[PDB]
Amino acid sequence: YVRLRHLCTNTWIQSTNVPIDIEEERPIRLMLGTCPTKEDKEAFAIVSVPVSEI
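Residues numbered from 1 in each chain as written, not as in the entry; some residues may be left out. Part of a larger assembly, values for the part shown. Heavy atoms only, no water. Residues with missing side-chain atoms left out of burial classes, pairs and counts.

Its PDB header names cryo-EM as the technique used to obtain the model and reports a resolution of 3.7 Å.

In the annotation of the PDB entry, the protein is listed under the name Inositol 1,4,5-trisphosphate receptor type 3 and assigned to Homo sapiens. Per the PDB record, the entry is named "IP3, ATP, and Ca2+ bound type 3 IP3 receptor in the inactive state".

Here it is as structure tokens:
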């Protein structure tokens, strides 16, 4: 797990439920918002991609 903080703003990267694909009937992408607080609830971990995939 890891918490991403914008070094240029010192703001947490929170998982915002804002639907970016408003125009689409069934949006698939949810915008990631700026959380001023250090809410560790959002857990953005890193998973190794397959070498063949790369």
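1. Description of the overall build of the protein
In terms of regular secondary structure, the protein is built from 0 helices and 2 strands. Relative to its length of 54 residues, the protein is extended, with a C-alpha radius of gyration of 14 Å against a globular reference of 10 Å. Counting only C-alpha atoms and orienting by the principal axes, one finds that the protein spans roughly 35 × 35 × 20 Å. Of the contacts made within the protein by residues no fewer than 6 positions apart, 24% connect residues no fewer than 24 positions apart. (Helix = DSSP H or I, 4+ residues; strand = E, 2+ residues; numbered from the N terminus. Rg over C-alpha atoms; globule rule 2.2 N^0.38 Å. Contact = heavy atoms within 4.5 Å.)

2. Some details on the environment of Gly33
Summarising the element assignment, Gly33 is placed in strand β2 (residues 30-35). When the C-alpha atoms of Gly33 and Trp12 are compared, they prove to be 8.3 Å apart, with 21 residues separating the residues in sequence. Excluding anything up to four places from it in sequence, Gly33 contacts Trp12, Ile13, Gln14 and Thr16.

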